[PDB]
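Below is work.txt, holding compact mmCIF, C-alpha atoms and all ligand atoms.
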# COMPACT_ATOMS: atom_id res chain seq x y z
CA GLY A 8 20.03 20.94 -85.57
CA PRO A 9 20.43 20.68 -81.73
CA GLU A 10 17.03 21.38 -80.02
CA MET A 11 16.76 24.92 -78.51
CA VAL A 12 14.79 25.91 -75.33
CA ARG A 13 14.26 29.67 -74.76
CA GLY A 14 17.16 30.33 -77.22
CA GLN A 15 19.59 28.19 -75.12
CA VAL A 16 20.89 25.28 -77.34
CA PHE A 17 20.74 21.78 -75.68
CA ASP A 18 23.24 19.54 -77.58
CA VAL A 19 22.07 16.18 -76.00
CA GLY A 20 20.45 14.59 -79.13
CA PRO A 21 19.91 12.13 -80.63
CA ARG A 22 19.47 9.98 -77.38
CA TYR A 23 17.58 12.71 -75.35
CA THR A 24 14.64 14.62 -77.06
CA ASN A 25 11.34 16.56 -76.46
CA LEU A 26 12.99 19.21 -74.16
CA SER A 27 10.84 21.35 -71.81
CA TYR A 28 12.04 24.26 -69.57
CA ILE A 29 11.87 23.15 -65.88
CA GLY A 30 14.20 25.78 -64.31
CA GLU A 31 17.50 27.76 -64.56
CA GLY A 32 20.25 29.44 -62.46
CA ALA A 33 23.07 32.06 -62.76
CA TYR A 34 25.05 29.82 -65.18
CA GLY A 35 22.79 26.92 -66.36
CA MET A 36 19.33 25.69 -67.56
CA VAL A 37 17.33 22.52 -66.67
CA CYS A 38 14.89 20.70 -69.07
CA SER A 39 12.53 17.71 -68.85
CA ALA A 40 13.42 15.29 -71.69
CA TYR A 41 12.83 11.73 -73.08
CA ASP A 42 15.63 9.06 -73.03
CA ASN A 43 14.96 7.28 -76.38
CA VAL A 44 17.46 4.55 -75.29
CA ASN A 45 15.96 3.69 -71.81
CA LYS A 46 12.33 4.77 -72.77
CA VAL A 47 12.15 7.00 -69.64
CA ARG A 48 11.59 10.67 -68.79
CA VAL A 49 14.70 12.49 -67.49
CA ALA A 50 15.86 15.99 -66.41
CA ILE A 51 18.99 17.50 -68.05
CA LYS A 52 20.95 20.29 -66.25
CA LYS A 53 23.01 22.32 -68.79
CA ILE A 54 26.01 23.92 -66.94
CA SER A 55 28.07 26.65 -68.70
CA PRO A 56 30.74 27.38 -66.11
CA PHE A 57 34.02 27.63 -68.09
CA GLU A 58 34.31 31.48 -68.26
CA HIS A 59 34.69 31.81 -64.39
CA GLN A 60 36.91 30.00 -61.79
CA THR A 61 34.04 29.91 -59.17
CA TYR A 62 31.56 28.20 -61.58
CA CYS A 63 34.33 25.71 -62.64
CA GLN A 64 35.16 24.92 -58.93
CA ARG A 65 31.44 24.43 -58.04
CA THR A 66 30.72 22.39 -61.22
CA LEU A 67 33.65 20.01 -60.37
CA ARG A 68 32.42 19.55 -56.73
CA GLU A 69 28.72 19.07 -57.82
CA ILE A 70 29.81 16.29 -60.27
CA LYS A 71 32.44 14.62 -57.98
CA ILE A 72 30.11 14.61 -54.90
CA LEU A 73 26.92 13.55 -56.82
CA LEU A 74 28.87 10.79 -58.70
CA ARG A 75 30.05 9.26 -55.35
CA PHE A 76 26.64 9.51 -53.56
CA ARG A 77 23.89 6.77 -53.68
CA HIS A 78 20.84 7.56 -51.41
CA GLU A 79 17.03 7.43 -51.95
CA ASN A 80 16.77 11.17 -50.92
CA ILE A 81 19.68 12.43 -53.09
CA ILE A 82 19.20 12.90 -56.86
CA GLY A 83 21.60 10.71 -58.90
CA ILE A 84 23.62 11.49 -62.07
CA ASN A 85 22.36 8.91 -64.65
CA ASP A 86 24.56 10.35 -67.45
CA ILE A 87 26.88 13.29 -68.32
CA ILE A 88 27.17 14.72 -71.87
CA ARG A 89 30.02 16.91 -73.15
CA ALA A 90 32.14 17.38 -76.33
CA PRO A 91 34.66 14.60 -77.17
CA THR A 92 37.62 17.17 -76.94
CA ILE A 93 38.30 19.77 -74.15
CA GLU A 94 38.73 22.78 -76.60
CA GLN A 95 35.26 21.89 -78.01
CA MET A 96 33.67 21.40 -74.48
CA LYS A 97 31.79 24.71 -73.68
CA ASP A 98 28.84 23.18 -71.65
CA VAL A 99 28.24 20.03 -69.48
CA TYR A 100 24.81 18.26 -69.37
CA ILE A 101 23.93 16.33 -66.20
CA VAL A 102 21.14 13.80 -66.93
CA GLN A 103 19.13 12.87 -63.76
CA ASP A 104 15.78 11.15 -62.97
CA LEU A 105 12.85 13.51 -63.76
CA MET A 106 10.96 14.35 -60.49
CA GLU A 107 7.44 15.88 -60.86
CA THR A 108 7.93 19.17 -58.96
CA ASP A 109 9.94 20.83 -56.12
CA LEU A 110 8.76 22.12 -52.67
CA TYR A 111 8.87 25.82 -53.81
CA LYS A 112 6.39 25.07 -56.70
CA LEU A 113 4.29 22.70 -54.45
CA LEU A 114 3.91 25.43 -51.73
CA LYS A 115 2.38 27.93 -54.26
CA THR A 116 -0.77 25.68 -54.75
CA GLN A 117 -0.96 23.40 -51.63
CA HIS A 118 -1.44 23.79 -47.88
CA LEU A 119 0.41 20.57 -46.77
CA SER A 120 -1.17 18.26 -44.14
CA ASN A 121 0.85 17.86 -40.87
CA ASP A 122 1.51 14.29 -42.12
CA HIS A 123 3.10 15.50 -45.42
CA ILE A 124 5.12 18.27 -43.63
CA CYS A 125 6.40 15.66 -41.12
CA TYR A 126 7.21 13.01 -43.82
CA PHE A 127 8.99 15.59 -46.12
CA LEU A 128 11.05 16.89 -43.13
CA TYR A 129 11.82 13.21 -42.24
CA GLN A 130 13.17 12.64 -45.81
CA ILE A 131 15.16 15.99 -45.86
CA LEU A 132 17.07 14.96 -42.70
CA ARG A 133 17.38 11.29 -43.88
CA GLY A 134 19.29 12.69 -46.90
CA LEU A 135 21.14 15.31 -44.80
CA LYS A 136 22.38 12.50 -42.46
CA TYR A 137 23.97 10.74 -45.49
CA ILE A 138 25.40 14.10 -46.72
CA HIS A 139 26.88 15.02 -43.30
CA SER A 140 28.06 11.37 -42.69
CA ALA A 141 30.20 11.94 -45.85
CA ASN A 142 31.88 15.17 -44.50
CA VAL A 143 29.90 17.22 -47.15
CA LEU A 144 28.19 20.56 -46.51
CA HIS A 145 25.24 21.07 -48.98
CA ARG A 146 25.19 24.83 -48.15
CA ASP A 147 22.11 25.69 -50.31
CA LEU A 148 19.13 23.72 -48.84
CA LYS A 149 15.85 25.57 -49.73
CA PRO A 150 12.41 24.45 -51.01
CA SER A 151 13.49 24.84 -54.71
CA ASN A 152 16.46 22.37 -54.13
CA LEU A 153 14.02 19.65 -52.84
CA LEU A 154 12.31 17.47 -55.48
CA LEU A 155 8.98 15.63 -54.97
CA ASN A 156 6.83 12.94 -56.67
CA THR A 157 3.04 12.20 -56.31
CA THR A 158 4.26 9.17 -54.21
CA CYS A 159 5.68 11.84 -51.79
CA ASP A 160 9.26 10.59 -52.51
CA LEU A 161 11.68 13.49 -51.79
CA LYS A 162 15.23 14.17 -53.10
CA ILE A 163 17.77 16.88 -52.28
CA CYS A 164 19.27 18.40 -55.51
CA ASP A 165 21.59 21.35 -56.51
CA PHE A 166 24.96 20.29 -55.02
CA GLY A 167 26.20 23.42 -56.90
CA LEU A 168 27.37 25.01 -53.54
CA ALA A 169 28.26 21.72 -51.78
CA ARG A 170 31.81 20.97 -50.58
CA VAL A 171 33.97 18.60 -48.50
CA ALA A 172 35.26 19.71 -45.05
CA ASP A 173 37.39 16.84 -43.66
CA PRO A 174 36.76 16.93 -39.87
CA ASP A 175 40.56 16.17 -39.38
CA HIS A 176 41.35 19.85 -40.39
CA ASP A 177 40.24 23.21 -38.83
CA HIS A 178 38.41 24.95 -41.76
CA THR A 179 38.06 28.19 -39.70
CA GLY A 180 39.12 31.02 -42.06
CA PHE A 181 39.12 28.81 -45.24
CA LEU A 182 35.35 28.50 -46.07
CA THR A 183 33.64 30.55 -48.76
CA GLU A 184 31.70 33.59 -47.60
CA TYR A 185 28.23 34.44 -48.83
CA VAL A 186 26.95 30.88 -49.23
CA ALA A 187 23.32 29.58 -49.25
CA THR A 188 20.21 31.45 -50.65
CA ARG A 189 19.72 34.62 -48.52
CA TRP A 190 16.48 33.67 -46.58
CA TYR A 191 18.07 30.26 -45.58
CA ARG A 192 21.47 31.62 -44.27
CA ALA A 193 22.41 30.74 -40.65
CA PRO A 194 23.35 33.89 -38.64
CA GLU A 195 27.03 32.73 -38.34
CA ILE A 196 27.32 32.91 -42.19
CA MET A 197 26.91 36.69 -41.59
CA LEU A 198 29.01 36.84 -38.34
CA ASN A 199 31.61 33.97 -38.77
CA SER A 200 31.62 34.27 -42.60
CA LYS A 201 34.66 31.92 -43.21
CA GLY A 202 34.33 29.90 -39.95
CA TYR A 203 30.86 28.23 -40.24
CA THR A 204 30.17 24.44 -40.03
CA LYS A 205 27.60 21.89 -41.39
CA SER A 206 25.09 23.15 -38.75
CA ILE A 207 24.33 25.89 -41.39
CA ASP A 208 22.41 23.06 -43.19
CA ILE A 209 20.32 22.33 -40.04
CA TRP A 210 19.43 26.07 -40.00
CA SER A 211 18.31 25.90 -43.66
CA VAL A 212 16.06 22.90 -42.72
CA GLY A 213 14.48 25.00 -39.93
CA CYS A 214 13.63 27.72 -42.53
CA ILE A 215 12.25 25.00 -44.90
CA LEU A 216 10.13 23.52 -42.00
CA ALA A 217 8.83 27.03 -41.12
CA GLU A 218 8.08 27.62 -44.84
CA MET A 219 6.18 24.23 -44.98
CA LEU A 220 4.18 25.37 -41.83
CA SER A 221 2.98 28.81 -43.15
CA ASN A 222 3.59 28.68 -47.02
CA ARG A 223 5.97 31.70 -46.45
CA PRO A 224 9.70 32.29 -45.98
CA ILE A 225 10.00 33.02 -42.19
CA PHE A 226 13.07 35.33 -42.74
CA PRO A 227 12.43 37.27 -46.03
CA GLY A 228 15.51 39.60 -45.84
CA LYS A 229 15.27 42.34 -48.57
CA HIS A 230 19.17 42.31 -48.84
CA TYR A 231 22.32 40.71 -47.25
CA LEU A 232 22.43 42.81 -43.98
CA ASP A 233 18.58 43.06 -43.57
CA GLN A 234 18.75 39.17 -43.23
CA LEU A 235 20.36 39.30 -39.71
CA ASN A 236 17.55 41.78 -38.63
CA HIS A 237 14.60 39.49 -39.76
CA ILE A 238 16.30 36.66 -37.77
CA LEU A 239 16.68 38.60 -34.47
CA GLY A 240 13.21 40.11 -35.21
CA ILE A 241 11.83 36.59 -34.28
CA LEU A 242 14.65 34.96 -32.14
CA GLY A 243 15.20 38.14 -30.05
CA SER A 244 18.64 39.63 -29.18
CA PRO A 245 21.30 36.92 -28.60
CA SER A 246 21.92 35.98 -24.88
CA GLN A 247 25.18 37.27 -23.25
CA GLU A 248 26.36 33.59 -23.41
CA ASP A 249 25.65 33.60 -27.23
CA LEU A 250 27.62 36.86 -27.82
CA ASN A 251 30.80 35.67 -25.95
CA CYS A 252 30.89 32.62 -28.35
CA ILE A 253 31.22 34.85 -31.46
CA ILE A 254 35.09 34.87 -31.68
CA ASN A 255 35.12 37.60 -34.38
CA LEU A 256 35.29 40.89 -32.34
CA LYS A 257 34.19 43.01 -35.37
CA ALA A 258 30.94 40.95 -35.58
CA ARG A 259 30.37 40.71 -31.73
CA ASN A 260 30.59 44.58 -31.49
CA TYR A 261 28.09 45.11 -34.39
CA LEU A 262 25.58 42.87 -32.50
CA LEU A 263 26.24 44.65 -29.10
CA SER A 264 25.56 47.92 -31.09
CA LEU A 265 22.06 46.73 -32.39
CA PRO A 266 18.90 47.68 -30.39
CA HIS A 267 17.49 45.00 -27.98
CA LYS A 268 14.83 42.84 -29.77
CA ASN A 269 12.33 40.49 -27.95
CA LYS A 270 11.69 36.80 -28.79
CA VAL A 271 8.48 36.03 -30.78
CA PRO A 272 7.05 32.76 -29.36
CA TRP A 273 6.71 30.11 -32.14
CA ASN A 274 2.98 29.76 -31.08
CA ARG A 275 2.36 33.38 -32.26
CA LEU A 276 3.78 32.68 -35.82
CA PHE A 277 2.44 29.07 -36.11
CA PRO A 278 -0.76 29.12 -34.01
CA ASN A 279 -2.31 26.04 -35.82
CA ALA A 280 1.05 24.07 -35.93
CA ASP A 281 1.88 20.79 -34.03
CA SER A 282 3.77 21.69 -30.76
CA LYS A 283 6.35 18.94 -31.49
CA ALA A 284 7.01 20.59 -34.90
CA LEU A 285 7.54 24.00 -33.21
CA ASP A 286 9.87 22.28 -30.63
CA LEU A 287 12.13 20.90 -33.47
CA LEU A 288 11.81 24.21 -35.38
CA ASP A 289 13.15 25.79 -32.10
CA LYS A 290 16.22 23.43 -31.85
CA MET A 291 16.98 23.77 -35.64
CA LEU A 292 16.65 27.65 -35.52
CA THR A 293 19.00 28.09 -32.46
CA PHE A 294 21.27 31.21 -32.76
CA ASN A 295 24.32 29.37 -31.32
CA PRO A 296 25.81 27.02 -33.95
CA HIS A 297 27.12 24.72 -31.13
CA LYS A 298 23.80 24.43 -29.15
CA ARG A 299 21.80 23.92 -32.46
CA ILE A 300 20.50 20.33 -32.94
CA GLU A 301 22.51 17.90 -35.19
CA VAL A 302 20.99 15.76 -37.97
CA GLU A 303 20.98 12.49 -35.90
CA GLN A 304 19.29 14.07 -32.80
CA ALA A 305 16.78 15.89 -35.16
CA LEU A 306 15.61 12.46 -36.56
CA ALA A 307 15.41 11.08 -32.98
CA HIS A 308 13.15 14.13 -32.07
CA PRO A 309 9.54 13.13 -31.13
CA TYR A 310 7.95 14.89 -34.21
CA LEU A 311 9.58 12.29 -36.58
CA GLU A 312 9.05 9.23 -34.28
CA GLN A 313 6.78 7.39 -36.83
CA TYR A 314 9.66 7.46 -39.43
CA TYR A 315 12.94 7.32 -37.36
CA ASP A 316 14.68 3.92 -37.75
CA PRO A 317 18.53 3.99 -37.69
CA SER A 318 18.44 0.44 -39.24
CA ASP A 319 17.01 2.02 -42.51
CA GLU A 320 18.97 5.37 -42.71
CA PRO A 321 22.24 4.62 -44.60
CA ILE A 322 25.49 6.61 -44.11
CA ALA A 323 28.45 6.99 -46.50
CA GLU A 324 30.79 3.91 -46.32
CA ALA A 325 33.76 6.00 -47.61
CA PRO A 326 33.41 9.58 -46.24
CA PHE A 327 35.40 12.15 -48.31
CA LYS A 328 38.83 13.46 -47.10
CA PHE A 329 41.02 16.58 -47.91
CA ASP A 330 42.08 14.90 -51.26
CA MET A 331 38.57 15.76 -52.67
CA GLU A 332 39.08 19.52 -51.68
CA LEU A 333 42.10 20.25 -53.98
CA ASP A 334 40.22 22.70 -56.32
CA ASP A 335 41.93 26.10 -55.46
CA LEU A 336 43.35 26.09 -59.06
CA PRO A 337 43.09 28.09 -62.31
CA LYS A 338 39.86 27.65 -64.41
CA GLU A 339 41.90 25.90 -67.21
CA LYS A 340 43.15 23.20 -64.78
CA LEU A 341 39.57 22.81 -63.27
CA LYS A 342 38.17 22.41 -66.85
CA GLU A 343 40.80 19.61 -67.35
CA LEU A 344 39.68 17.89 -64.10
CA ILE A 345 35.96 18.27 -65.17
CA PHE A 346 36.92 16.67 -68.54
CA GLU A 347 38.63 13.79 -66.55
CA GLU A 348 35.65 13.41 -64.12
CA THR A 349 32.99 13.12 -66.95
CA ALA A 350 35.10 10.77 -69.20
CA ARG A 351 33.65 7.50 -67.81
CA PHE A 352 30.38 8.57 -69.61
CA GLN A 353 32.02 8.64 -73.12
CA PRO A 354 32.09 6.15 -76.02
CA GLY A 355 35.82 5.22 -75.41
CA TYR A 356 37.45 4.82 -71.95
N1 LIG A 401 15.92 16.01 -61.49
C1 LIG A 401 15.01 16.99 -61.53
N2 LIG A 401 13.69 16.68 -61.64
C2 LIG A 401 12.80 17.68 -61.66
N3 LIG A 401 13.01 18.99 -61.60
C3 LIG A 401 14.32 19.26 -61.46
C4 LIG A 401 15.35 18.34 -61.43
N4 LIG A 401 16.57 18.97 -61.26
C5 LIG A 401 16.27 20.25 -61.19
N5 LIG A 401 14.91 20.49 -61.30
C6 LIG A 401 14.26 21.80 -61.27
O1 LIG A 401 15.21 22.72 -61.77
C7 LIG A 401 15.35 23.84 -60.85
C8 LIG A 401 16.75 24.38 -60.96
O2 LIG A 401 17.65 23.25 -60.87
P1 LIG A 401 18.95 23.36 -59.95
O3 LIG A 401 19.72 22.07 -60.04
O4 LIG A 401 18.59 23.85 -58.58
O5 LIG A 401 19.64 24.63 -60.68
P2 LIG A 401 20.68 25.85 -60.41
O6 LIG A 401 21.07 26.22 -61.82
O7 LIG A 401 21.75 25.36 -59.46
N6 LIG A 401 19.82 27.13 -59.78
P3 LIG A 401 19.88 27.68 -58.23
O8 LIG A 401 19.35 26.67 -57.23
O9 LIG A 401 19.18 29.02 -58.18
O10 LIG A 401 21.29 27.70 -57.75
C9 LIG A 401 14.99 23.22 -59.50
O11 LIG A 401 14.79 24.22 -58.50
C10 LIG A 401 13.80 22.35 -59.91
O12 LIG A 401 12.64 23.16 -59.99
MG MG A 402 23.10 26.09 -57.60
The structure in this file should be written as structure tokens.
Amino acid sequence: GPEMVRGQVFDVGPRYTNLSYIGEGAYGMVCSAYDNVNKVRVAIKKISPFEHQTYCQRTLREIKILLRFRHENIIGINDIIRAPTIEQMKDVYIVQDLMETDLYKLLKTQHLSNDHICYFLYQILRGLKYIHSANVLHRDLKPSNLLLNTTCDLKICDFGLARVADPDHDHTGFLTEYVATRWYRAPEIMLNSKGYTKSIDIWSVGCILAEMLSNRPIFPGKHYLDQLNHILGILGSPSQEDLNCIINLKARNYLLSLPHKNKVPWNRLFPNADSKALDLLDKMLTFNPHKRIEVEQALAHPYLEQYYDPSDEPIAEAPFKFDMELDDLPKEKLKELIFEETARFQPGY
């Protein structure tokens, strides 16, 4: 029999055994396991995306991007399992290195030292520099998508929302709405919902940094439209300069309609925090996408000066172009392309 975990079958045997629940999502489960061939612990991410076109499109991106990345702060695909024939393929199992925990879990039991906070943030942006260098948006950075080891090694995971945006095309109007986990959404996801850029990742990192500072989501929006309130609750009302830059009239007017809100100094929310950390937190959580700090300048910031070394922060040698964005296709065609992507992992080939 294939091992079961909480009544979800995990058809990965006989190579991978002793499964333990580690996490789940809308359309998949993750287990700790033992690689009987390499005599190592692993993590296996069961993905069951074939019923919907969105899940298929995201699954194909997550595999294609992760397969072409190699970076110390980005989880690798060791192995992919699926059925030997497409009709029989109903799930896809993505075997990765087992990390010990994630930031979400770590933050429930630990107040992190300034040194840890600093070093984790350093690693997040080291990764994010590779990701952005490659013309990828991650689009779901949050504590639970950051893995950790007792050595304090960090890895970005869950490229389930990630995507290529070739900088040689204007993606305004073509990007998916409603991306990221709600508390980590940049304001322009709400106001320029198809017109955002990779700066939405730098916003997510601000929220993660805040969360590392206070063990608490800074912007805990109770629902989609409450999220924009919690943001302005701290940042104050946008400047007149910041409103004019919102091209969407519908969204500009809604903001103009809202009551005036005052800025909460970072000092007041993080009274025991490093001032340098609050400075970077300020540049990462800037309302204007265009004035918000970029990944390179973030690393260069004084807070991360013990770790910054552009000689030891790799970038992608072949950044991804429009060709890797041709996924606006029926679920049956995307399943075929997922079959083709995962074939190099099969007895055969
Ligand atoms: N390689 C790994 N090592 C250790 N834990 C892992 C690993 N991969 C995933 N996890 C854990 O599994 C959880 C869910 O995995 P993830 O890849 O984020 O799933 P998801 O199905 O996309 N869910 P969601 O982030 O809500 O979209 C993570 O938040 C971690 O707690
Ligand atoms: Mg996901």
* Which polymer residues have any atom within 8 Å of an atom of residue 127 (chain A), counting only C-alpha atoms, with same-chain residues fewer than 3 positions away left out, as a count of residues only? -> 6
* Neighbourhood of ligand MG 402 (chain A) at 7 Å, counting all atoms listed in the file, reported as a ChimeraX atom specification -> /A:32,165-168
Selection from above, C-alpha atoms, as an mmCIF file, keeping the file's coordinate frame, can you write it?
data_model
loop_
_atom_site.group_PDB
_atom_site.id
_atom_site.type_symbol
_atom_site.label_atom_id
_atom_site.label_comp_id
_atom_site.auth_asym_id
_atom_site.auth_seq_id
_atom_site.Cartn_x
_atom_site.Cartn_y
_atom_site.Cartn_z
ATOM 1 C CA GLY A 32 20.250 29.440 -62.460
ATOM 2 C CA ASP A 165 21.590 21.350 -56.510
ATOM 3 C CA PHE A 166 24.960 20.290 -55.020
ATOM 4 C CA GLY A 167 26.200 23.420 -56.900
ATOM 5 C CA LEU A 168 27.370 25.010 -53.540
#
Test item: residues lying within 8 Å of ligand LIG 401 (chain A) with all atoms listed in the file, as a short mmCIF file (atom, residue, chain, number, x, y, z; two decimals) with C-alpha atoms, keeping the file's coordinate frame:
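Generated file (out_25.cif):
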data_model
loop_
_atom_site.label_atom_id
_atom_site.label_comp_id
_atom_site.auth_asym_id
_atom_site.auth_seq_id
_atom_site.Cartn_x
_atom_site.Cartn_y
_atom_site.Cartn_z
CA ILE A 29 11.87 23.15 -65.88
CA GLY A 30 14.20 25.78 -64.31
CA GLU A 31 17.50 27.76 -64.56
CA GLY A 32 20.25 29.44 -62.46
CA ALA A 33 23.07 32.06 -62.76
CA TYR A 34 25.05 29.82 -65.18
CA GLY A 35 22.79 26.92 -66.36
CA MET A 36 19.33 25.69 -67.56
CA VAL A 37 17.33 22.52 -66.67
CA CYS A 38 14.89 20.70 -69.07
CA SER A 39 12.53 17.71 -68.85
CA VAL A 49 14.70 12.49 -67.49
CA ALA A 50 15.86 15.99 -66.41
CA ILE A 51 18.99 17.50 -68.05
CA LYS A 52 20.95 20.29 -66.25
CA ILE A 54 26.01 23.92 -66.94
CA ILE A 82 19.20 12.90 -56.86
CA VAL A 102 21.14 13.80 -66.93
CA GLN A 103 19.13 12.87 -63.76
CA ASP A 104 15.78 11.15 -62.97
CA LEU A 105 12.85 13.51 -63.76
CA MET A 106 10.96 14.35 -60.49
CA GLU A 107 7.44 15.88 -60.86
CA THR A 108 7.93 19.17 -58.96
CA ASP A 109 9.94 20.83 -56.12
CA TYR A 111 8.87 25.82 -53.81
CA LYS A 112 6.39 25.07 -56.70
CA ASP A 147 22.11 25.69 -50.31
CA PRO A 150 12.41 24.45 -51.01
CA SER A 151 13.49 24.84 -54.71
CA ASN A 152 16.46 22.37 -54.13
CA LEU A 153 14.02 19.65 -52.84
CA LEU A 154 12.31 17.47 -55.48
CA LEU A 155 8.98 15.63 -54.97
CA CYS A 164 19.27 18.40 -55.51
CA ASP A 165 21.59 21.35 -56.51
CA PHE A 166 24.96 20.29 -55.02
CA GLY A 167 26.20 23.42 -56.90
CA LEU A 168 27.37 25.01 -53.54
CA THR A 188 20.21 31.45 -50.65
#
* For residue 309 (chain A): contacts at 10 Å, all atoms listed in the file, fewer than 5 positions along chain excluded, given as a ChimeraX atom specification -> /A:283-284,286-287,304,315
* Between CA of residue 257 (chain A) and CA of residue 245 (chain A), what is the distance, to one decimal in Å? -> 15.8 Å
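Here the residues that fall within 8 Å of (2.9, 29.8, -40.9), using only C-alpha atoms, are given as residues 217, 218, 219, 220, 221, 222, 223, 225, 276, 277, 278 and 280 of chain A.
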* Shortest interatomic distance to residue 346 (chain A) - which of A:27, A:45, A:179, A:66, counting all atoms listed in the file -> A:66
With a distance cut-off of 8 Å and all atoms listed in the file, select the neighbouring residues of residue 325 (chain A), excluding the residue or stretch itself and same-chain residues fewer than 2 positions from it, and output the selection as a PDB file with C-alpha atoms, keeping the file's coordinate frame.
ATOM      1  CA  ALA A 141      30.200  11.940 -45.850  1.00  0.00           C
ATOM      2  CA  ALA A 323      28.450   6.990 -46.500  1.00  0.00           C
ATOM      3  CA  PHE A 327      35.400  12.150 -48.310  1.00  0.00           C
TER       4      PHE A 327
END
Taking every listed atom of region 79-87 of chain A and adding 8 Å to each side, what centre and edge lengths in Å (one decimal) does the axis-aligned box have, as lines of an AutoDock Vina configuration file?
center_x = 21.8
center_y = 10.4
center_z = -59.6
size_x = 26.1
size_y = 21.9
size_z = 33.4
* Asked: What is the distance between CA of residue 185 (chain A) and CA of residue 247 (chain A), in Å to one decimal?
  ->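 Result for CA of residue 185 (chain A) versus CA of residue 247 (chain A): 25.9 Å, one decimal.
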* CA of residue 58 (chain A) and CA of residue 12 (chain A), how far apart in Å? ->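 We find that CA of residue 12 (chain A) and CA of residue 58 (chain A) lie 21.5 Å from each other.
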* Point out the residue among A:26, A:156, A:129, A:170 with the least atom-to-atom distance to residue 330 (chain A), counting only C-alpha atoms. =>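 Counting only C-alpha atoms, the residue closest to residue 330 (chain A) is A:170.
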* Asked: Looking at all atoms listed in the file, which of A:96, A:148, A:138, A:263 is the one that sits closest to residue 246 (chain A)?
  ->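 Smallest distance to residue 246 (chain A) is found for A:263.
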* Would you kindly return, as a PyMOL selection string, each protein, DNA or RNA residue with an atom no farther than 9 Å from any atom of region 60-65 of chain A, considering only C-alpha atoms and excluding same-chain residues fewer than 2 positions away? => chain A and resi 34+54-58+67-70+166-170+334-339+341-342+345
* To do: Determine, counting all atoms listed in the file, which protein, DNA and RNA residues have an atom within 12 Å of an atom of residue 143 (chain A); residues of the same chain fewer than 2 positions away are not included. Present the result as a ChimeraX atom specification.
  => /A:68-69,71-73,75-76,134-141,145-147,166,168-174,204-208,322-323,325-329,331-332
* Nearest to residue 144 (chain A): which of A:77, A:182, A:128, A:117 is it, counting all atoms listed in the file? ->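 Going through A:77, A:182, A:128, A:117 one by one, the smallest distance to residue 144 (chain A) is for A:182.
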* Point out the residue among A:81, A:285, A:307, A:258 with the least atom-to-atom distance to residue 121 (chain A), counting all atoms listed in the file. =>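 Nearest to residue 121 (chain A): A:285.
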* Using all atoms listed in the file, which of A:229, A:78, A:13, A:46 sits nearest residue 324 (chain A)? ->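 For residue 324 (chain A), the nearest of the candidates is A:78.
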Do you know which residues lie at most 12 Å from (37.6, 18.7, -73.2), with coordinates as in the file and all atoms listed in the file counted, and could you write them as a PDB file with C-alpha atoms, in the frame of the given file?
ATOM      1  CA  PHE A  57      34.020  27.630 -68.090  1.00  0.00           C
ATOM      2  CA  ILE A  88      27.170  14.720 -71.870  1.00  0.00           C
ATOM      3  CA  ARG A  89      30.020  16.910 -73.150  1.00  0.00           C
ATOM      4  CA  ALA A  90      32.140  17.380 -76.330  1.00  0.00           C
ATOM      5  CA  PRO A  91      34.660  14.600 -77.170  1.00  0.00           C
ATOM      6  CA  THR A  92      37.620  17.170 -76.940  1.00  0.00           C
ATOM      7  CA  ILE A  93      38.300  19.770 -74.150  1.00  0.00           C
ATOM      8  CA  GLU A  94      38.730  22.780 -76.600  1.00  0.00           C
ATOM      9  CA  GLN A  95      35.260  21.890 -78.010  1.00  0.00           C
ATOM     10  CA  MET A  96      33.670  21.400 -74.480  1.00  0.00           C
ATOM     11  CA  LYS A  97      31.790  24.710 -73.680  1.00  0.00           C
ATOM     12  CA  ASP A  98      28.840  23.180 -71.650  1.00  0.00           C
ATOM     13  CA  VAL A  99      28.240  20.030 -69.480  1.00  0.00           C
ATOM     14  CA  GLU A 339      41.900  25.900 -67.210  1.00  0.00           C
ATOM     15  CA  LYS A 340      43.150  23.200 -64.780  1.00  0.00           C
ATOM     16  CA  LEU A 341      39.570  22.810 -63.270  1.00  0.00           C
ATOM     17  CA  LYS A 342      38.170  22.410 -66.850  1.00  0.00           C
ATOM     18  CA  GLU A 343      40.800  19.610 -67.350  1.00  0.00           C
ATOM     19  CA  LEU A 344      39.680  17.890 -64.100  1.00  0.00           C
ATOM     20  CA  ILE A 345      35.960  18.270 -65.170  1.00  0.00           C
ATOM     21  CA  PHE A 346      36.920  16.670 -68.540  1.00  0.00           C
ATOM     22  CA  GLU A 347      38.630  13.790 -66.550  1.00  0.00           C
ATOM     23  CA  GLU A 348      35.650  13.410 -64.120  1.00  0.00           C
ATOM     24  CA  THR A 349      32.990  13.120 -66.950  1.00  0.00           C
ATOM     25  CA  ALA A 350      35.100  10.770 -69.200  1.00  0.00           C
ATOM     26  CA  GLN A 353      32.020   8.640 -73.120  1.00  0.00           C
TER      27      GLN A 353
END
